[PDB]
């Protein structure tokens, strides 16, 4: 009998066919997240699982699935997995590197341009049917000559700087790890401290990992150091920005706008956590621009992420050591 593989979320039909040669596949045929109780029910006698961001693989999950030999995570960050529990239960845990970086950088620049040029309200004005030509409205803020700061010059930060290098801006970054001289010259980016960054920037773009030290890194104290009329673009992680302080800074005029691909509400791991995006942000269509965690939502990229997770499962089930393993069961 073939091993069984459960996929918790929708995958491209080619991926199901690929896995079907060596396993019986139980897919999620909908675009929705199944409740944890239904994922566990399907996985209880599975040999393999393809896991996604909404899955929380803890010891209780693994105890319900005694046949599991590999979890192929279609993800880079494995915060939602208990790796040591996987290891103790004899379960390979694999991830996918690199693939999310560039589409997230591209989306961040889209949020920057959409927010600073009032493009959403512009589209709404077009859809109203009342367009009759140019009007002296929706005057925004341009990029050339402005100062943009990247907090965290890592994979996404470097992808963003490379792309903004052609926009004739003044680019700053802060990071405990500096770029080298060739990189700083290539992108014309200057290293500063976080305080200097917050002081000088028209646009602030946090791209740090979520850690104890970066929880609410952009809080009321950071916003108070920022330039009046500045913009904040958040596509890193939901709780790096204090959304209640942002609401206050928009109300007072400290921030001219806020754009975000990520939200505190999706950080289910923290106890003090809201279950909805604050209404004062949702109602403020004039000053905000939001996307539902679309950072890596590019069809060709999602397919290659799914392919890497599938190959890890195939390799593990064949008795090989999977290419993306982070543990050793």
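Positions refer to the first chain, counted from 1.
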*State which stretch shows the higher mean Cα B factor in the entry: 206-214 or 167-175.*
206-214
*Should the higher mean CA B-factor in the entry be assigned to 240-248 or to 118-126?*
240-248
*Per the PDB entry, maximal CA B factor within 143, 160, 222, 233*: 222
_In terms of recorded Cα temperature factor, pick the maximum from 261, 38, 47, 266._
266
*State the tercile, meaning the lowest, middle or highest third, of residue 283 with respect to the CA B-factors recorded for its chain.*
highest
*When the modelled residues of the chain are sorted by Cα temperature factor, does residue 28 land in the lowest, middle or highest third?*
lowest
*According to the PDB entry, is the CA B factor of residue 64 in the bottom, middle or top third of its chain, that is, lowest, middle or highest?*
middle
*Divide the modelled residues of the chain into thirds by Cα B-factor and specify which third, lowest, middle or highest, holds residue 8.*
lowest
*Sort the modelled residues of this chain by their C-alpha B factor and say whether residue 294 lands in the lowest, middle or highest third.*
lowest
